[PDB]
Amino acid sequence: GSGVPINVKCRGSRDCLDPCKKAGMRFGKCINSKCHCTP
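Residues numbered from 1 in each chain as written, not as in the entry; some residues may be left out. Heavy atoms only, no water.

X-ray crystallography is the method the PDB entry states for this structure, with the resolution given as 2.09 Å.

Here it is as structure tokens:
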């Protein structure tokens, strides 16, 4: 719903932190091995 996919692969939600921040967002969740950022 509210999460925003970016085209970054992940093993776990830590992998999504730096990319989600660089994409303008607060942090990220790793969902089926892909980062979904929380705006």
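K.L.:
Help me understand the pairing of strand β2 (residues 27-31), please; the structure alone is not making it clear to me.
P.N.:
Here is the key point about a regular strand: its side chains alternate between the two faces of the sheet. Relative to strand β3 (residues 34-38), β2 runs antiparallel, the two sharing 5 bridges. Its bridge partner being in β3, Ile-31 is matched across the sheet by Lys-34. Between β2 and β3, which pair antiparallel in sequence order, lie 2 residues; one of them, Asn-32, sits at a positive phi of approximately 40°. (Pairing = 2+ DSSP bridges. Helix = DSSP H or I, 4+ residues; strand = E, 2+ residues; numbered from the N terminus.)

K.L.:
Where do I start with unusual backbone geometry in this structure?
P.N.:
Here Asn-32, not a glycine, exhibits a phi torsion of approximately 40°, which is positive. For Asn-32, the location among the structural elements is in the loop between β2 and β3. Judged by its relative accessible area of 74%, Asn-32 falls in the exposed class. Of note, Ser-33 is a non-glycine position whose phi angle comes to about 70°, a positive value. By secondary structure assignment, the location of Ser-33 is in the loop between β2 and β3. Take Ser-33: its relative accessible area is 32%, and that puts it in the partly exposed class. (Buried < 20%, exposed > 50% of the residue type's maximum accessible area, 1.4 Å probe, protein only.)

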